[PDB]
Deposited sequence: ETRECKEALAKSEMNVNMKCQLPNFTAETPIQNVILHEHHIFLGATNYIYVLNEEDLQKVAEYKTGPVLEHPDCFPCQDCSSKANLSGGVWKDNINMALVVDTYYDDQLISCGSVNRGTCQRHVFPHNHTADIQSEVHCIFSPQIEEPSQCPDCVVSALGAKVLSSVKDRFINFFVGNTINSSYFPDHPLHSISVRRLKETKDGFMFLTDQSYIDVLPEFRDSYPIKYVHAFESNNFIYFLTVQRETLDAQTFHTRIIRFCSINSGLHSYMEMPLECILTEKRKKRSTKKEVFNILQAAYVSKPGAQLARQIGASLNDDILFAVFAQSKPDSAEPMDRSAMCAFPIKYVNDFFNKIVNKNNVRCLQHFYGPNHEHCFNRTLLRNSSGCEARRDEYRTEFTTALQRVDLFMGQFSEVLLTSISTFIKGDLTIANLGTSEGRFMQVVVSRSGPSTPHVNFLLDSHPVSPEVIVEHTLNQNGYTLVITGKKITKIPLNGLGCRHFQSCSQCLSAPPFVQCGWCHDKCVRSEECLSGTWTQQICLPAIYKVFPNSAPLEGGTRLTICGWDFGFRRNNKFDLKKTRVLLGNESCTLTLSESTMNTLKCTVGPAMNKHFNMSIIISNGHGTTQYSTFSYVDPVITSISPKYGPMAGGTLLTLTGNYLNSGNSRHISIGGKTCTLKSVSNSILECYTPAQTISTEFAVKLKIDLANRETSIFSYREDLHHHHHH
């Protein structure tokens, strides 16, 4: 259906650079063509030996500051990077490698790494987070600059890195989930122990700045996404972008404001593994920095130990609430992107079982995913791209195993909606209407009865059939389209039930667009239900006497 490319081996990283896609895969680096994901070039980083190993890609960093080129780091030769220079408007691949107390040209851990890259003051700087156990140095949080000679990196001072005390190296590890630069700071997102020798696990955000190779304002802060009071402690994925106007007003953000859309999971007992239970909330950066600039804190334990520049830490987690109000409570969300259409904020997500889906994100309440299907059975990776611009309708590159797919930002038509309500619940830019018996587009309408506003009720049973005289029994009215469409949403606000001559007191807090609950009493009567639009009938309910 939509453009997709399958590789010979798993895809680890994807960057886009002037209409060309770059894939970081095991033993290969692919160069697809944005338009149709067609494979234009490749490079076999191959199976390297030293006793054969596989070269799992750990990073891609393009930079055209000096000259148009692509830097890539593998997991074989102690995380060593290599230059790929383009020959004009477009094989000539260099390498970075030179008394062994330290090793800067050794950049990346095979245990997991994240690499930022920013030309601060005439030089390219690599900010890197490495997971690690026992073995002869790779640093856990480093900033090694590359020289204009282009053949090797170099640390400046002792402060150029922050690591883990050798005594706690293997004991308790730190996974770097995601990293980004914003507001003139650098940010790393982690999953690590709550405290040294503690059985549970955390999600933390890291911040610092850079001077030469500064890392000068270092600080760690815990982040929690709780449900209304169940805690989701393990960050699974995290994307960073601007908010749509709607979402913003609610959270007190401005249109250029950066926001952290993080997907958390509920972890297993005393573990860092996730259960099939997911949540999501948004962290406004400035909001975060607001706390980072106030004064209850200890001295970074995994750095100093229990006892100029302080590397510090907070001892109480900031926490927000799930924007899906428990919608994904029993699924494992493993990937997140975020784009704006209209005033709306839409998140395209991914299951731990291969389900891409797009969802209107609102502080007011969850909406029903207008897209929701099966990419392959392989779990979706948190590695994603979002190319969307004006005069255009954009797309998302999503990776599932060896495959990467280009998915439109307007969803995939209306044909898949089951009833008038879901059909009419879709976001304006999908352009769906109801046509009596099917959901579909405007100009494709059979009978001239296309509507984007109107739905009529329909009953399909009641429980129970009869009911005692004075008895205020609960009536359960099963059916369809019992709700009304105001603003751009559906609810049972105007919904009414009539028992022939007398009204039937609905409890709204317990009723859905498909199920009505209301107390009845004080025959052979007709029940009439109106959703505000029209009415329907049921001539069965009797006021019996035992």
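- When the deposited sequence is numbered from 1, the segments without any C-alpha atom are 1 to 20, 71 to 89, 130 to 134, 143 to 146, 185 to 188, 281 to 289, 357 to 360, 373 to 392, 608 to 612, 637 to 727.
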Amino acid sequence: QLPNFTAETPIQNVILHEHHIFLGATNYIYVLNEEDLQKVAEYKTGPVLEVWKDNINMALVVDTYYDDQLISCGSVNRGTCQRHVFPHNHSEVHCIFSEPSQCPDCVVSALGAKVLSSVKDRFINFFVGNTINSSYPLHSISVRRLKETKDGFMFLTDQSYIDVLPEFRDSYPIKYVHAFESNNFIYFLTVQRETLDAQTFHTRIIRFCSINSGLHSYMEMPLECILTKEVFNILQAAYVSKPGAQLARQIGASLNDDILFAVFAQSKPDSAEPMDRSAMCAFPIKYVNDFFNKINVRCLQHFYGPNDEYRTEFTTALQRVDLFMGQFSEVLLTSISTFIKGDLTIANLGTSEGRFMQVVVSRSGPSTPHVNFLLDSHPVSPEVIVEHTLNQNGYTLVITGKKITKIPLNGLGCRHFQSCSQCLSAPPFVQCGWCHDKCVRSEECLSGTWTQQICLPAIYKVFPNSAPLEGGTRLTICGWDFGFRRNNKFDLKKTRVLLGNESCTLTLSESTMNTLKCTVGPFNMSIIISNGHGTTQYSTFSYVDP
From here on, numbers count along this sequence of modelled residues.
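- Between 439 to 447 and 68 to 76, the higher mean Cα B-factor belongs to 439 to 447.
- 147 to 155 and 367 to 375 differ in mean CA B-factor, and the higher of the two is recorded for 147 to 155.
- Comparing the listed residues 60, 56, 31, 51, the entry records the largest Cα B-factor for 51.
- Note on the listed residues 281, 333, 399, 467: the highest Cα temperature factor in the record is that of 467.
- Remark: residue 403 belongs to the lowest third of its chain, ranked by C-alpha B-factor as recorded.
- The deposited CA B-factor of residue 222 belongs to the middle third of values across its chain.
- In the PDB entry, residue 294 places in the highest third of its chain by CA B-factor.
- Among all modelled residues in its chain, residue 300 ranks in the middle third by Cα B-factor.
- In this PDB entry, the Cα temperature factor of residue 99 sits in the top third of its chain's modelled residues, the highest group.
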